[PDB]
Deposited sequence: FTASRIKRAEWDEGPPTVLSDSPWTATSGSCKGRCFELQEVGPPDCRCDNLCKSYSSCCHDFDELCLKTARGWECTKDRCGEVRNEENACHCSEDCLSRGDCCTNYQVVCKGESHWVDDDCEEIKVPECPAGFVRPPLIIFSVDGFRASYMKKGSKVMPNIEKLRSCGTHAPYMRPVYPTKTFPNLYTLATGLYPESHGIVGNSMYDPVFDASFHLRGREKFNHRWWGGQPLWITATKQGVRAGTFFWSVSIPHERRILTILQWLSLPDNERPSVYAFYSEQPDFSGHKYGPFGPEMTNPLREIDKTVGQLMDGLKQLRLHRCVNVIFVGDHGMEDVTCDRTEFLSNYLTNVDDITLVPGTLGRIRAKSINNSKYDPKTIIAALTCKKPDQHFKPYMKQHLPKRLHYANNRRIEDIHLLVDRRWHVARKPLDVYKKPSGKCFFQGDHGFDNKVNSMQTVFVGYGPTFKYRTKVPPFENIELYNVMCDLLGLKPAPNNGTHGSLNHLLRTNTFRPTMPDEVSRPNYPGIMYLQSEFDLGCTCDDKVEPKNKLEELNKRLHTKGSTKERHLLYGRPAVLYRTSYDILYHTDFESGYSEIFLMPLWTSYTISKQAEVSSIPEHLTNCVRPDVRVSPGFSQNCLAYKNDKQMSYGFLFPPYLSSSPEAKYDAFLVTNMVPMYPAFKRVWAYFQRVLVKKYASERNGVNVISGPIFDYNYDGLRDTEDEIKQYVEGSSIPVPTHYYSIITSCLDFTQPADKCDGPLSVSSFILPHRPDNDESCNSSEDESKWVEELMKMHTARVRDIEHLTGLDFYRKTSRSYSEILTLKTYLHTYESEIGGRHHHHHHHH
């Protein structure tokens, strides 16, 4: 109940929302059905439209007008945005040359440059170039300020998850808004775009920027506008708020536009009908900048122009139907469209079986346009699993396609030509970022970055301490002229041991054998030097990784590689080696095919054993440093040490062997040498964070050897590839992956073919940021480079995408 008989007199777009049954006058009252009786009359004036005309100049103030052109309007803060241009001979902001804003030029009373976030729905990255002719204001912001060629959204590339990620710095799995539609089994409640459940604060986790600001004494405009409030009125309202007295005036504001998304759904991303919506958004930007210029705020305010996601061509005819795969389609609930989420229709149906649903959906049709996954098997880069609102069964849908349950859903629920929600690596899903203002750099292009990073920067812009989030604070320092955040590297928690030779061969009873007993002083001093770290500078190029948790581990040196060997997990946490462009690939000699050798530096009690692998009929083993890349026949023996062995399903060994035999050498010739760091990951609770030992769900049979859920590699070289990886003077280049350690290759539909036809495609799907690997391992890489730390943080957030240009 709302007693709508109160009045909005002197309260129009009030900042503190009042509680029922008192009537509301705030920018959200329409959405709640709660505005006072006179809200439209008082607050949503439209008379005479939005622009001054020559004949309105110096008019007598008429309070009925949408905006004003009377002499008193500047001090009332409610002129039409074009007032000074029509009536005082001023120029539009877009018509002025740009001039560097070296310092904030703010009116007296402003304690800090205000921040205005101008968010646009569905604004695909390529619109900046393709629509440039029709967006002069946006183009001026972009060319004069700081811009990226695109900004990566989060998955799913839908509105609610992305706008709330922008506000919180959090992955959707952590903030809880995991789609536009959701079922929470604990609440037993559904969240929908339409209706009232979505207003309940229990859906919305983390701490959004407006709450962060408020808690720290920085006032915020409200970030949500009821859909029927026209854009011109939103802008006018922001500009009025900016004329409040110092003690009442917010420092942070948001504008949101439903366009171009609204039209993009109807006409497709590049439909000829899209030109007008882009012109109209540009006009809105121009109104804001002219309004800021009138208020003398145009060289004071930091403006962020940012999109939530892009838009792809999608039509009704490109729909896969689950009824073409499943016989039991009526026993499931699907969240449909550009992604699929499946659960049981009824919790009382014990006949329902996710394993058989996944199998009926796996590689069933030659050009199948979706791929089923258990959520924990989705590419780790999506960070889309650790939330009870995310169903166990997920469908990754090919770009340009939809999935639906049955054909009747698509014609009894062609309209649309555009949609979005696909994998956030897809080019059509990328969106925009421009920052303009005293705190952003002048005419500066920055590399693409992820939207999870922006919260930290918006907090920096406002002098706020960010709440804990998924950005890497400092990785966007290069966007900013000042207010940088200067982090220090995390402290190492565990120091390594450096074991020497401590055990005789006969102390080991591991069931391992090797044909290696075949007997020099010219060469004996050499092997000793190599075991003491003499080649370490070649193979450990960026210092050893730091271990950021409490554990027992040993550094092991060898001719061709260095490792940090965990006495707790019985295998390396990391293995580091450099492969030059000149390196040769050799084979594993016949006599060494099943060779595993005790490591006399490491006790039998802290070693794996070969018998466990013999006895485990499902599990085999592989090596972290590959024997194929040994530098000499003698060095090759090191690669067969029991301390370089890791457990691997045979199906995964297909993937791993091709990576190690073929791809590493390929990358070394392409990139002019690579440094490789490889290791295991254990994430049995799919939270994106390193498991402790008591979280491990699977061991090699009859042993305490834990089975990794994933294997990673970080492949680093010189950004200037005219320099070899091991003699690089400048910035680095990186690519990484986190490969799921699976007992089948069901994910890869072409896997009965030669690894040259499917392995590299698999690895590209599982591309990763170094930062993802850090979270998953508790390691901190690139500790000793000649680069600035902020630069290394940017490098750690880099994702090599494998999308065209």
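- When the deposited sequence is numbered from 1, the segments without any C-alpha atom are 1 to 23, 437 to 440, 547 to 548, 835 to 846.
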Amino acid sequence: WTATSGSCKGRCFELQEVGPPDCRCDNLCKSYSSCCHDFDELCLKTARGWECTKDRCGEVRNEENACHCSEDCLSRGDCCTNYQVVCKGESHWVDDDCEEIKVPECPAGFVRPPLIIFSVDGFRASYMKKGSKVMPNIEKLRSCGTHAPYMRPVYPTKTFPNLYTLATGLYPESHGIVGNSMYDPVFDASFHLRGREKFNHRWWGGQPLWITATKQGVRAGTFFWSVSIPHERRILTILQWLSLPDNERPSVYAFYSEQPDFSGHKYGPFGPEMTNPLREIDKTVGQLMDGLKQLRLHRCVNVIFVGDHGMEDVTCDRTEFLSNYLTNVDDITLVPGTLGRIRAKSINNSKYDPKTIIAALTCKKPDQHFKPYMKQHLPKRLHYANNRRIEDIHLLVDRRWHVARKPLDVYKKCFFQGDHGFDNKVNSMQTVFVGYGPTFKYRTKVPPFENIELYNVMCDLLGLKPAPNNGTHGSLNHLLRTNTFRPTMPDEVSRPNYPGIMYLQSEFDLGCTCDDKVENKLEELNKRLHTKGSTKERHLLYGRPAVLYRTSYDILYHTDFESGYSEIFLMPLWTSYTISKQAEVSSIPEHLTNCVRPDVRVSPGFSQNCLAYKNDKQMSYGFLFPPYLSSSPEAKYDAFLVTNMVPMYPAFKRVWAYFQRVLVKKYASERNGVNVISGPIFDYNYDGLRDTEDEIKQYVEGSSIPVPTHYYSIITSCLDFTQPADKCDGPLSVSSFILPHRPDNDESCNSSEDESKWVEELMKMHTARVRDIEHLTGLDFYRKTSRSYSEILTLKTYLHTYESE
From here on, numbers count along this sequence of modelled residues.
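We call the rigid core the largest set of C-alpha positions that still match within 1.5 Å between the two forms.
- Take 695 to 703 and 520 to 528, fit the other structures onto the shown form by the rigid core, and average the C-alpha distances in 5 other deposited structures of this protein: the farther stretch is 520 to 528.
- Relative to its counterpart among 531 to 539 and 497 to 505, 531 to 539 has the higher mean temperature factor, C-alpha atoms as listed in the PDB entry.
- Two stretches are in play, 583 to 591 and 246 to 254, and the higher mean C-alpha B-factor belongs to 583 to 591.
- Comparing the C-alpha B-factors of 196, 147, 341, 558 in the entry, the top value falls on 196.
- Looking only at 678, 302, 356, 263, the residue with the top Cα B factor in the deposited structure is 356.
- In the deposited entry, the Cα temperature factor of residue 1 places it in the highest third of its chain's modelled residues.
- In the PDB entry, residue 770 places in the lowest third of its chain by CA B-factor.
- Compared with the other modelled residues of the chain, the Cα B-factor recorded for residue 329 ranks in the highest third.
- The deposited CA B-factor of residue 171 belongs to the lowest third of values across its chain.
- Ranked by Cα temperature factor within the chain, residue 234 sits in the middle third according to the deposited record.
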